[PDB]
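Worksheet: the structure to be examined is printed underneath.
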Amino acid sequence: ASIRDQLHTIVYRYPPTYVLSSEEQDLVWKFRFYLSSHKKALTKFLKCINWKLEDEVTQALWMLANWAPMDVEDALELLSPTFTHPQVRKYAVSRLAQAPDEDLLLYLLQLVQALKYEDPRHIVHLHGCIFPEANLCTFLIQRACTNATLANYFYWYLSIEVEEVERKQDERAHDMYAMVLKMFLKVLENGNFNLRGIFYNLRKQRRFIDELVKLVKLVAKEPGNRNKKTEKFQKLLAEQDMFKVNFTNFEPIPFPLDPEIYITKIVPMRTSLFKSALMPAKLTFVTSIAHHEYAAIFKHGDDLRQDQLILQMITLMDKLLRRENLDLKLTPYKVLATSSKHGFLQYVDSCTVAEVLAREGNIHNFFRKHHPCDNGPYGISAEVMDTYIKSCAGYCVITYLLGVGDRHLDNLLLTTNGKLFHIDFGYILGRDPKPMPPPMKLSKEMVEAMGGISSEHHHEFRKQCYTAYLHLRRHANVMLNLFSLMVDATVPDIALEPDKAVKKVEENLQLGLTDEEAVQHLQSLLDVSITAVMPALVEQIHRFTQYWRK
Amino acid sequence: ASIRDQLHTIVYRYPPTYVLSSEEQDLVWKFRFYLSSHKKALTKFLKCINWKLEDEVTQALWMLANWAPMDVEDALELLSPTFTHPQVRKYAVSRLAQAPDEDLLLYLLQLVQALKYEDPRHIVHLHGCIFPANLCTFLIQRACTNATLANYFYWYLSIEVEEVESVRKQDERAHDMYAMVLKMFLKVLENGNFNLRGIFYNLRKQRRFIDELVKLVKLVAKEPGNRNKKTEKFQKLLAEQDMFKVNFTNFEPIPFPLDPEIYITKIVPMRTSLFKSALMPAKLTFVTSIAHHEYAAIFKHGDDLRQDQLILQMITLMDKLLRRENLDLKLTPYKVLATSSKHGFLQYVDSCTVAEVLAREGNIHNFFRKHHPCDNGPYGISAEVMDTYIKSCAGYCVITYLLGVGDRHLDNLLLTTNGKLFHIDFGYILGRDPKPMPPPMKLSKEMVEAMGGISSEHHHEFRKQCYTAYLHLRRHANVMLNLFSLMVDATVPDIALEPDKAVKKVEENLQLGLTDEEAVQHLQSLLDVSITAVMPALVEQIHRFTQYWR
Ligand SMILES: Oc1cccc(-c2nc(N3CCOCC3)c3oc4ncccc4c3n2)c1
Ligand SMILES: Oc1cccc(-c2nc(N3CCOCC3)c3oc4ncccc4c3n2)c1
């Protein structure tokens, strides 16, 4: 009662999923009802009661109903499969309903998956309701209709989900999605003006995509030099009237990738093509207002669902940091897959580090080209350097938590500002083609760019990682919930060892460690990675190795 | 404000010897007058005042007398030469007098050192008193009070009094002073009463015995052969009665110089071995006065152990602090004394040197296993032994590290059957090394393997232990620093090269600046490079990491 209070608070604050204390769940039970007061306790409380099969349920329902209001994130656990019960899911949905729309968007990528979880009966009921002779799905529709950008992402997520059938229960989940998608569209058609308007916009978007897909297929079909493929791409765009849509100009359409931006046309002349063998295209665009141009990318080869989830994760983590009042200048570009084997990727001006290095031997020469200050730490303006150290820190930390693999100098990008970002996300959760990842992913060039291990800045960088680590850990709970829901995603790296995937993210979190311990541990990974990269730190270890041999 | 004290709590509690305090002196001044919070505060207050005014001294003196009484260790700082004042030295001695003999003997090696610093006019005056200030009178008086103290005091003086006759400048001047002190002490004992005369007779015997022992060692070295033939000769000489002014096979009992508490009779000639080391020390057994419990010691003819005794004093003290703390690592801090230089004894703790252990069983585990086997125990080894070894290991790297002992190799570490490990033979201190190199931390692959590789409850446990050990020693810094200050003119070789740097060097290794969290991080880092360079697998892992990037 007196000191055990503290053991409760540590249990409520700390774990996202627990084996422990099933007898102590009964102990939570004893002090539960009285210490109903605070929300996170509620979710843990809901966990134990259900375990005892029958009368517990009725007693817990009242308990829940009276309980201090469950936070939005805790709700993400309830849509998840682990809780089956029908009423609790309703309450979890009530909780989402309380959340504003932006939160809804990120969560939404997860909630679409989250549909896979019951009840099938609900969907069939609604289907029969649209034509004759959970609460959640209906909720998603209603709110999906309420906001147009929201409607767009919803739609696209559904179309990818339905697209193909191939191992056994994937077919049944698919069948469920198709009906939900069809309902959604039918409600738009039955709709008051704004819905009808959003719908026509979706058909507009649909049409546009397929006509561009046909164009791309035609560009791929011709054998080619790299250059002739870009030229053919360019001429094809300019040939208005050999496609149902004419690409040099058409009706203002809201961009699928970024719905709040309308586009009229592409500019053929400006379109350039990317070096990677599966060849991504950059198209310049024209927008409804002040003829602003949008640059985006269209990739025809493979599945962006992975790339996009990882960006959702980054986007989320940046938002959390800034909410913790930390901004490391991460660049989380939007990514959408239209369908498997094609999507758009927001383009942000960048030079691939390898290209920076090819173009200029040193990274600093590069920055000094764009921003010079005479007293500035190195030829550069102080702010550019500072922002570069910051970007690195966030990115190593996230890469670490995400076990992003395959990183190399073509993968890291640099801007004139100094933000550093990562580009390609084929390898996730420790997957790597190479045999042994470094724990942390660092380039000799990047480290020399911080002024080396023996540098003032380099220290600031290290400092930043640690703190980023500590903060990200605090909001462990959201990320884990999202990943729990992303088990059946169809991201390849999740698909190989799905059950295990979430544990892998949590292992990077080292949530078991107290904070001093965590920092030390991360200190370790930096040390090894950095010694590995540096030519002199290795030479030194060698001389130390020598020592004992005589 | 209220913070005034907070800036002050940091000044009184944190630095052991500061150049730093400059302006601070005046603010301390304003506040000391109403409150003398602590014993520790007095050392701090004292630093600023004495030279500057003849009058200042009078105001400070009344402050000091009514001031809360200083802790003994802090007094050592006072005797250190910097404070010139006749009145403060008297104060320091008054504090020492209150301190119990055992603490007093521990420190004494330094006090013998302190004499040079205390003003000579006082010593000549005391001399005048006998044949035809306070500290010297105090050492002689207390020395007479306790026999062991007398014995240690005598030996320390003899070594310093015994001349090189290759004296330059003030060393020429100091010898006469030490010689005078010894002469005075010897005259007080002869003159003194029943008990003092008793001490004098015992010392006469100790002196007579050594010279006779030494004649024998010189005869043995002169004789030609490999180690075994020389040992055979040594054995014969002991047993030859009355070839010497003493009969080694039996004698009148003499208080052992290494432990005054136990007399010996006879050596046992056959029970004597010789060591692998360069100027092979004998071991002897002895008999002793009771139930013939043997004792053994070493006797080393080759070099001056003044330095070895200082290092062991350090370890003896540190162990004491930790046991005080209730952190007990199974440290072995064997008694050395020097004799008058180029002889000494060392207490013998029965141990096998690691190199020996590696040759006799394949590796350390095999060896503990042979002496202490428990099927269920960690490595089939009784739990206790592993634990004593983890701890012995931690205690030693940390202590070795603070003291910058160098030139460690397999001949240099040893084990016990209980598990403990220790070091030995420290010719190199404060980072003198024959090799151009660190490791910053001295570990052997063999020992890491002994802990069952990098991940083990045990290795991790070893690491855990080092940090706790590091923090406690950090806490008790002042005492160590004060003893080194007193050893500036020590005539210990490692100290000599730059006498001033020596105090700075331990202070620096000590790492006092950093917050504990940073101190632990700092220590963790050193262990990590030391361990990677010592494990072959770790180096391969780093190569894989360097190659990731190419
Ligand atoms: O195959 C893929 C999958 C995912 C991303 C890309 C991609 N994105 C890029 N972005 C450019 C800068 O703005 C943000 C996005 C990108 O820039 C490049 N520059 C050179 C080579 C390849 C790429 C490249 N590949 C390529
Ligand atoms: O040059 C020095 C200085 C100080 C100590 C030694 C030394 N001590 C030793 N002790 C034996 C075990 O109990 C503790 C004492 C010692 O044992 C050895 N066994 C083999 C070679 C050298 C030594 C060796 N050297 C050698």
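The way I read the labels, and the way they are meant: chains A, B, ... in the order of the structure tokens, residue 1 as the first residue of every chain, and ligand 1 as the first ligand shown, with later ones counted on from there.
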Using only C-alpha atoms and all ligand atoms, which residues have at least one atom no more than 6 Å from ligand 2? Output them as a PDB file with N, CA and C atoms, in the first residue's frame.
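Everything below was put into part.pdb:
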ATOM      1  N   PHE B 275      63.610 -18.076  -7.679  1.00  0.00           N
ATOM      2  CA  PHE B 275      62.638 -17.706  -8.690  1.00  0.00           C
ATOM      3  C   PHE B 275      63.215 -17.549 -10.073  1.00  0.00           C
ATOM      4  N   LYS B 276      62.324 -17.555 -11.056  1.00  0.00           N
ATOM      5  CA  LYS B 276      62.684 -17.495 -12.473  1.00  0.00           C
ATOM      6  C   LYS B 276      63.287 -16.126 -12.777  1.00  0.00           C
ATOM      7  N   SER B 277      62.756 -15.117 -12.083  1.00  0.00           N
ATOM      8  CA  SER B 277      63.122 -13.721 -12.260  1.00  0.00           C
ATOM      9  C   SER B 277      64.627 -13.429 -12.182  1.00  0.00           C
ATOM     10  N   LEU B 346      59.764  -9.598   0.532  1.00  0.00           N
ATOM     11  CA  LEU B 346      58.320  -9.468   0.277  1.00  0.00           C
ATOM     12  C   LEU B 346      57.584 -10.632   0.879  1.00  0.00           C
ATOM     13  N   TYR B 348      55.100 -13.598   1.134  1.00  0.00           N
ATOM     14  CA  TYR B 348      54.758 -14.528   0.098  1.00  0.00           C
ATOM     15  C   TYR B 348      53.343 -15.004   0.286  1.00  0.00           C
ATOM     16  N   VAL B 349      52.533 -14.763  -0.738  1.00  0.00           N
ATOM     17  CA  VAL B 349      51.171 -15.285  -0.834  1.00  0.00           C
ATOM     18  C   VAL B 349      51.226 -16.385  -1.877  1.00  0.00           C
ATOM     19  N   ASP B 350      50.745 -17.587  -1.566  1.00  0.00           N
ATOM     20  CA  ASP B 350      51.035 -18.669  -2.501  1.00  0.00           C
ATOM     21  C   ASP B 350      50.081 -18.641  -3.639  1.00  0.00           C
ATOM     22  N   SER B 351      50.668 -18.529  -4.811  1.00  0.00           N
ATOM     23  CA  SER B 351      49.940 -18.240  -5.994  1.00  0.00           C
ATOM     24  C   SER B 351      50.726 -18.874  -7.080  1.00  0.00           C
ATOM     25  N   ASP B 411      53.906 -13.007 -16.649  1.00  0.00           N
ATOM     26  CA  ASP B 411      54.844 -13.289 -15.549  1.00  0.00           C
ATOM     27  C   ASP B 411      54.426 -12.425 -14.364  1.00  0.00           C
ATOM     28  N   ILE B 424      52.037  -7.718  -9.511  1.00  0.00           N
ATOM     29  CA  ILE B 424      53.345  -7.801  -8.892  1.00  0.00           C
ATOM     30  C   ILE B 424      54.392  -6.962  -9.623  1.00  0.00           C
ATOM     31  N   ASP B 425      55.545  -6.768  -8.993  1.00  0.00           N
ATOM     32  CA  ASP B 425      56.730  -6.248  -9.687  1.00  0.00           C
ATOM     33  C   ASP B 425      56.418  -5.026 -10.520  1.00  0.00           C
TER      34      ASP B 425
END
Could you list, as a short mmCIF file (atom, residue, chain, number, x, y, z; two decimals) with C-alpha atoms, in the first residue's frame, every residue within 7 Å of residue 482 in chain A, counting only C-alpha atoms and ignoring same-chain residues fewer than 4 positions away?
data_model
loop_
_atom_site.label_atom_id
_atom_site.label_comp_id
_atom_site.auth_asym_id
_atom_site.auth_seq_id
_atom_site.Cartn_x
_atom_site.Cartn_y
_atom_site.Cartn_z
CA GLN A 110 -2.06 0.93 -39.48
CA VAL A 478 3.16 4.08 -29.97
CA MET A 486 1.87 -4.11 -39.18
#
Surroundings of ligand 1 up to 6 Å, based on only C-alpha atoms and all ligand atoms, as a VMD selection string: chain A and resid 274 to 276 345 to 350 352 423 to 424
Long-range neighbours of residue 492 in chain B as a PyMOL selection string, 12 Å cut-off, only C-alpha atoms, 5 positions minimum in chain: chain B and resi 113+160+304-311+341+426-430+484+486-487+497-499+502
Residue list (helix (DSSP H, G or I), DSSP) for range 300-444 of chain A, as an MDAnalysis selection string: chainID A and resid 304:323 353:359 363:370 382:402 444
Contact set, chain A to chain B: 8 Å, only C-alpha atoms, as a ChimeraX atom specification: /A:408,434,436-438,443,516,520,523-524,527-529,531-533,541-545,547-548
Secondary structure check, strand (DSSP E) residues of range 262-499 of chain B, as a VMD selection string: chain B and resid 263 to 264 267 to 268 282 to 286 295 to 300 336 to 338 344 to 347 352 to 353 414 to 415 421 to 422
Nearby residues (only C-alpha atoms) at most 10 Å from residue 469 in chain B, same-chain spacing under 6 positions excluded, as a PyMOL selection string: chain B and resi 318+322+325+327-329+391+394-396+398-399+463+475
Next, the residues of the selection above should be written as a CSV table (one decimal), in the first residue's frame with N, CA, C and O atoms.
chain,number,residue,atom,x,y,z
B,318,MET,N,43.6,1.5,-0.5
B,318,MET,CA,42.5,1.5,-1.4
B,318,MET,C,41.6,0.4,-1.0
B,318,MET,O,40.3,0.6,-0.9
B,322,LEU,N,37.6,0.5,0.4
B,322,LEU,CA,36.5,-0.2,-0.3
B,322,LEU,C,35.8,-1.1,0.7
B,322,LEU,O,34.6,-1.3,0.6
B,325,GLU,N,33.7,0.8,2.6
B,325,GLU,CA,32.6,1.0,1.8
B,325,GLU,C,31.7,-0.3,1.8
B,325,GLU,O,30.5,-0.2,1.5
B,327,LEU,N,32.4,-2.6,-0.2
B,327,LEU,CA,32.8,-3.2,-1.4
B,327,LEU,C,34.1,-3.9,-1.1
B,327,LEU,O,35.1,-3.3,-0.8
B,328,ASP,N,34.1,-5.2,-1.1
B,328,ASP,CA,35.3,-6.0,-0.9
B,328,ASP,C,35.7,-6.8,-2.1
B,328,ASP,O,35.0,-7.8,-2.4
B,329,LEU,N,36.7,-6.5,-2.8
B,329,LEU,CA,37.2,-7.3,-3.9
B,329,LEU,C,38.4,-8.1,-3.4
B,329,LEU,O,39.2,-7.6,-2.6
B,391,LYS,N,36.0,-10.2,-9.1
B,391,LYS,CA,36.2,-9.1,-8.3
B,391,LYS,C,37.6,-8.7,-8.2
B,391,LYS,O,38.0,-7.5,-8.4
B,394,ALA,N,38.5,-6.9,-11.2
B,394,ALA,CA,37.9,-5.6,-11.4
B,394,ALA,C,38.8,-4.6,-10.6
B,394,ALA,O,39.3,-3.6,-11.2
B,395,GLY,N,39.1,-5.0,-9.4
B,395,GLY,CA,39.7,-4.2,-8.4
B,395,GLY,C,41.1,-3.8,-9.0
B,395,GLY,O,41.5,-2.7,-8.9
B,396,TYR,N,41.7,-4.8,-9.6
B,396,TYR,CA,43.0,-4.6,-10.1
B,396,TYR,C,43.1,-3.7,-11.3
B,396,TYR,O,44.0,-2.9,-11.4
B,398,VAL,N,41.2,-1.4,-12.2
B,398,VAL,CA,40.8,-0.1,-11.9
B,398,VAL,C,42.0,0.6,-11.1
B,398,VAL,O,42.4,1.7,-11.5
B,399,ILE,N,42.6,-0.2,-10.2
B,399,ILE,CA,43.6,0.4,-9.4
B,399,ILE,C,44.9,0.5,-10.2
B,399,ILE,O,45.5,1.6,-10.2
B,463,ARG,N,32.4,-6.0,-15.4
B,463,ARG,CA,32.3,-4.7,-15.9
B,463,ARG,C,31.6,-3.8,-14.8
B,463,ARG,O,32.2,-2.8,-14.4
B,475,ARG,N,35.6,9.1,-5.1
B,475,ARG,CA,35.0,9.8,-4.0
B,475,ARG,C,36.0,10.1,-3.0
B,475,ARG,O,35.9,11.1,-2.2
Pairwise distance for CA of residue 145 in chain A and CA of residue 298 in chain A, rounded to one decimal in Å: 27.3 Å
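Note that CA of residue 100 in chain B and CA of residue 117 in chain B are 23.2 Å apart.
Each of A:34, A:492, A:262, A:356 was checked against residue 290 in chain A using only C-alpha atoms; the smallest atom-to-atom distance is that of A:262.
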Polymer residues at most 12 Å from residue 35 in chain A, only C-alpha atoms, same-chain spacing of 3 or more positions, as JSON, numbers by chain: {"A": [1, 5, 8, 9, 12, 27, 28, 29, 30, 31, 32, 38, 39, 40, 41, 42, 45, 63, 67, 68]}
Write a file of the selected residues as an mmCIF file, in the first residue's frame, keeping C-alpha atoms.
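Contents of out-v2.cif, freshly written:
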data_model
loop_
_atom_site.group_PDB
_atom_site.id
_atom_site.type_symbol
_atom_site.label_atom_id
_atom_site.label_comp_id
_atom_site.auth_asym_id
_atom_site.auth_seq_id
_atom_site.Cartn_x
_atom_site.Cartn_y
_atom_site.Cartn_z
ATOM 1 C CA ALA A 1 0.000 0.000 0.000
ATOM 2 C CA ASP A 5 2.575 2.214 -4.944
ATOM 3 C CA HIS A 8 2.721 -0.104 -9.583
ATOM 4 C CA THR A 9 3.801 3.209 -11.156
ATOM 5 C CA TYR A 12 2.248 1.128 -15.556
ATOM 6 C CA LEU A 27 -2.737 -8.098 -7.627
ATOM 7 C CA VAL A 28 -3.405 -5.199 -9.973
ATOM 8 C CA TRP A 29 -7.009 -6.448 -9.581
ATOM 9 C CA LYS A 30 -6.864 -5.972 -5.822
ATOM 10 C CA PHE A 31 -5.619 -2.353 -6.041
ATOM 11 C CA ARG A 32 -7.054 -1.832 -9.590
ATOM 12 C CA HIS A 38 -5.132 7.003 -14.533
ATOM 13 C CA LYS A 39 -5.436 5.902 -18.156
ATOM 14 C CA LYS A 40 -2.402 3.744 -18.874
ATOM 15 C CA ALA A 41 -3.380 1.668 -15.850
ATOM 16 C CA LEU A 42 -6.720 1.047 -17.636
ATOM 17 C CA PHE A 45 -6.102 -3.641 -16.292
ATOM 18 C CA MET A 63 -14.863 -1.052 -14.589
ATOM 19 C CA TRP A 67 -12.455 4.461 -16.159
ATOM 20 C CA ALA A 68 -10.518 7.681 -16.781
#
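Of the listed residues B:417, B:388, B:465, B:339, the one whose atoms come nearest to residue 354 in chain B is B:417, with distances taken using only C-alpha atoms.
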Selection: 12 Å around residue 12 in chain B, only C-alpha atoms, excl. self and same-chain fewer than 4 positions, as number ranges by chain: B: 5-8, 16-18, 21, 24-25, 28, 32, 36-47, 74, 478
Keeping only N, CA, C and O atoms, write the selected residues to a file as a compact mmCIF listing (two decimals), in the first residue's frame.
# COMPACT_ATOMS: atom_id res chain seq x y z
N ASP B 5 25.85 29.15 -1.10
CA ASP B 5 26.37 27.97 -0.40
C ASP B 5 26.63 26.86 -1.41
O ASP B 5 27.49 26.01 -1.20
N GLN B 6 25.84 26.86 -2.48
CA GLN B 6 25.79 25.77 -3.46
C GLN B 6 27.06 25.85 -4.29
O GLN B 6 27.60 24.84 -4.75
N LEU B 7 27.53 27.08 -4.50
CA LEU B 7 28.73 27.34 -5.27
C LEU B 7 29.86 26.95 -4.32
O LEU B 7 30.94 26.54 -4.76
N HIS B 8 29.59 27.08 -3.03
CA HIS B 8 30.56 26.85 -1.95
C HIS B 8 30.62 25.36 -1.64
O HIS B 8 31.69 24.85 -1.30
N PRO B 16 40.75 18.60 -4.45
CA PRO B 16 41.65 18.18 -3.38
C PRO B 16 42.83 19.11 -3.18
O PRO B 16 43.39 19.20 -2.09
N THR B 17 43.22 19.75 -4.29
CA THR B 17 44.33 20.69 -4.35
C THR B 17 44.06 21.62 -5.53
O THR B 17 44.19 21.20 -6.68
N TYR B 18 43.69 22.88 -5.27
CA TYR B 18 43.36 23.77 -6.38
C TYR B 18 44.15 25.05 -6.55
O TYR B 18 44.19 25.92 -5.66
N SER B 21 40.96 28.06 -7.16
CA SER B 21 40.48 29.08 -6.24
C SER B 21 41.33 30.35 -6.39
O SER B 21 42.54 30.34 -6.14
N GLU B 24 37.55 33.29 -5.45
CA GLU B 24 36.71 32.54 -4.53
C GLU B 24 37.14 32.81 -3.10
O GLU B 24 36.31 32.86 -2.19
N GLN B 25 38.44 33.00 -2.91
CA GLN B 25 39.06 33.13 -1.59
C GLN B 25 38.32 34.16 -0.74
O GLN B 25 38.16 33.97 0.46
N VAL B 28 34.79 33.05 0.33
CA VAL B 28 34.91 32.02 1.35
C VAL B 28 35.08 32.84 2.62
O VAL B 28 34.50 32.51 3.65
N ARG B 32 33.01 32.28 6.23
CA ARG B 32 33.70 31.35 7.13
C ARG B 32 33.46 31.83 8.54
O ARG B 32 33.39 31.03 9.48
N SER B 36 31.76 27.60 10.10
CA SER B 36 32.78 26.68 9.66
C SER B 36 32.08 25.34 9.60
O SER B 36 32.17 24.52 10.54
N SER B 37 31.35 25.13 8.51
CA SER B 37 30.52 23.93 8.34
C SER B 37 31.30 22.68 8.67
O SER B 37 30.87 21.87 9.49
N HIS B 38 32.46 22.53 8.04
CA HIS B 38 33.17 21.26 8.10
C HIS B 38 34.68 21.27 8.19
O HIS B 38 35.35 22.22 7.81
N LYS B 39 35.17 20.16 8.73
CA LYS B 39 36.56 19.76 8.76
C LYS B 39 37.20 19.95 7.39
O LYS B 39 38.38 20.31 7.30
N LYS B 40 36.44 19.71 6.33
CA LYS B 40 36.97 19.71 4.97
C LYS B 40 37.14 21.15 4.57
O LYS B 40 37.99 21.47 3.73
N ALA B 41 36.31 22.02 5.15
CA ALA B 41 36.24 23.43 4.78
C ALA B 41 37.54 24.12 5.19
O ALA B 41 37.97 25.05 4.52
N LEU B 42 38.17 23.65 6.27
CA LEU B 42 39.34 24.33 6.87
C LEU B 42 40.52 24.28 5.92
O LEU B 42 41.28 25.25 5.83
N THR B 43 40.69 23.18 5.19
CA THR B 43 41.85 23.02 4.32
C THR B 43 41.68 24.08 3.24
O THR B 43 42.65 24.69 2.78
N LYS B 44 40.42 24.31 2.87
CA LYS B 44 40.08 25.15 1.74
C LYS B 44 40.31 26.57 2.16
O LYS B 44 40.92 27.35 1.43
N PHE B 45 39.90 26.89 3.39
CA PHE B 45 39.92 28.27 3.87
C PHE B 45 41.38 28.66 3.98
O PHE B 45 41.74 29.78 3.63
N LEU B 46 42.23 27.72 4.35
CA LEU B 46 43.58 28.05 4.77
C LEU B 46 44.41 28.61 3.62
O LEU B 46 45.37 29.35 3.87
N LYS B 47 44.06 28.28 2.39
CA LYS B 47 44.99 28.41 1.25
C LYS B 47 45.41 29.84 0.86
O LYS B 47 46.44 30.02 0.21
N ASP B 74 43.32 15.28 5.84
CA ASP B 74 43.41 16.63 5.32
C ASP B 74 44.68 17.23 5.92
O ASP B 74 45.33 18.05 5.29
N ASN B 478 40.99 12.94 -2.34
CA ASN B 478 41.84 13.81 -1.52
C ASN B 478 42.96 13.06 -0.81
O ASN B 478 44.09 13.53 -0.79
Pairwise distance for CA of residue 474 in chain B and CA of residue 401 in chain B, rounded to one decimal in Å: 12.5 Å
Selection near residue 219 in chain B, 12 Å with only C-alpha atoms, sequence-local residues under 5 positions removed, as a PyMOL selection string: chain B and resi 212-214+224+230-231+233-234+236-238+243-244+301
Those selected residues, please, written with N, CA and C atoms and delivered as a PDB file, in the first residue's frame.
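The new file out_9.pdb reads:
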ATOM      1  N   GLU B 212      74.218 -10.522   7.839  1.00  0.00           N
ATOM      2  CA  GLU B 212      74.756 -11.855   7.845  1.00  0.00           C
ATOM      3  C   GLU B 212      74.047 -12.604   6.727  1.00  0.00           C
ATOM      4  N   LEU B 213      72.754 -12.347   6.549  1.00  0.00           N
ATOM      5  CA  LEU B 213      71.959 -13.007   5.515  1.00  0.00           C
ATOM      6  C   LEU B 213      72.522 -12.536   4.189  1.00  0.00           C
ATOM      7  N   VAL B 214      72.901 -11.264   4.140  1.00  0.00           N
ATOM      8  CA  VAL B 214      73.290 -10.603   2.897  1.00  0.00           C
ATOM      9  C   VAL B 214      74.657 -11.128   2.492  1.00  0.00           C
ATOM     10  N   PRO B 224      79.474 -19.780  -9.533  1.00  0.00           N
ATOM     11  CA  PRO B 224      78.978 -19.945 -10.900  1.00  0.00           C
ATOM     12  C   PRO B 224      78.046 -21.143 -11.104  1.00  0.00           C
ATOM     13  N   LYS B 230      72.938 -22.831  -8.100  1.00  0.00           N
ATOM     14  CA  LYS B 230      73.111 -21.717  -7.176  1.00  0.00           C
ATOM     15  C   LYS B 230      72.200 -21.938  -5.980  1.00  0.00           C
ATOM     16  N   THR B 231      71.022 -22.521  -6.213  1.00  0.00           N
ATOM     17  CA  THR B 231      70.051 -22.750  -5.141  1.00  0.00           C
ATOM     18  C   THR B 231      70.642 -23.836  -4.252  1.00  0.00           C
ATOM     19  N   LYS B 233      73.633 -24.324  -3.610  1.00  0.00           N
ATOM     20  CA  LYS B 233      74.740 -23.710  -2.886  1.00  0.00           C
ATOM     21  C   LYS B 233      74.128 -22.920  -1.740  1.00  0.00           C
ATOM     22  N   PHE B 234      72.975 -22.317  -1.996  1.00  0.00           N
ATOM     23  CA  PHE B 234      72.315 -21.451  -1.034  1.00  0.00           C
ATOM     24  C   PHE B 234      71.900 -22.339   0.115  1.00  0.00           C
ATOM     25  N   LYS B 236      73.197 -25.084   1.038  1.00  0.00           N
ATOM     26  CA  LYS B 236      74.310 -25.650   1.782  1.00  0.00           C
ATOM     27  C   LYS B 236      74.787 -24.576   2.752  1.00  0.00           C
ATOM     28  N   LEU B 237      74.784 -23.323   2.314  1.00  0.00           N
ATOM     29  CA  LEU B 237      75.386 -22.253   3.108  1.00  0.00           C
ATOM     30  C   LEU B 237      74.573 -22.065   4.379  1.00  0.00           C
ATOM     31  N   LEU B 238      73.253 -22.231   4.286  1.00  0.00           N
ATOM     32  CA  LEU B 238      72.352 -21.939   5.401  1.00  0.00           C
ATOM     33  C   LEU B 238      72.669 -22.950   6.477  1.00  0.00           C
ATOM     34  N   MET B 243      79.334 -20.404  10.102  1.00  0.00           N
ATOM     35  CA  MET B 243      80.239 -19.912   9.111  1.00  0.00           C
ATOM     36  C   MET B 243      79.979 -18.417   9.137  1.00  0.00           C
ATOM     37  N   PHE B 244      78.851 -18.064   9.758  1.00  0.00           N
ATOM     38  CA  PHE B 244      78.399 -16.690   9.868  1.00  0.00           C
ATOM     39  C   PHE B 244      78.203 -16.330  11.327  1.00  0.00           C
ATOM     40  N   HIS B 301      67.637  -9.708  -3.756  1.00  0.00           N
ATOM     41  CA  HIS B 301      68.899  -8.984  -3.665  1.00  0.00           C
ATOM     42  C   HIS B 301      69.108  -7.909  -4.725  1.00  0.00           C
TER      43      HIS B 301
END
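Between residue 537 in chain A and the candidates A:444, A:87, A:472, A:358, the tightest atom-to-atom separation, counting only C-alpha atoms, involves A:444.
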